[PDB]
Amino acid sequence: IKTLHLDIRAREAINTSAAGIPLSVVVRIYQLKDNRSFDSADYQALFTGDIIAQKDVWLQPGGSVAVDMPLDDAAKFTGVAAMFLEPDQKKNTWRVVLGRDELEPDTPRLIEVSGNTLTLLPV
């Protein structure tokens, strides 16, 4: 794998406030050396040497964003974490991790944002 292909698709109702109003959300994509530090870190820690590169994308409700960025050789894993208003911290449904093996060379992996969750759509 040379480039990192990801597609982040949002449903109409994403990052819903208390009033049930859909809001835009920031999704962060991490190029990691290993998945231990990332996984062990909670929301607070993550959003204030495993980090090779970092990318932030803005996701609007009912919108889509395509990530095409150079995969740097050291990147054993890719971390996708959404800066949700009310994320489910017990379940940990606000983030996903993918190993290099999970990546296609020309084709993007589909990450679906719905409500307060990120789901990696099976290939």
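Don't overthink the numbering: it's just position in the shown sequence, from 1.
The entry models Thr48 and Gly49 with a gap of 4 to 9 deposited residues left without coordinates. With 24 to 32 and 65 to 73 compared on mean CA B-factor from the PDB entry, the stretch scoring higher is 65 to 73. For the pair 34 to 42 and 56 to 64, the record assigns the higher mean C-alpha temperature factor to 34 to 42.
In this PDB entry, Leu4 carries a Cα temperature factor that places it within the middle third of its chain's modelled residues.
Among the modelled residues of the chain, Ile111 sits in the lowest third by CA temperature factor in this PDB entry. Among the modelled residues of its chain, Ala10 has a C-alpha B-factor that falls in the lowest third according to the deposited record.
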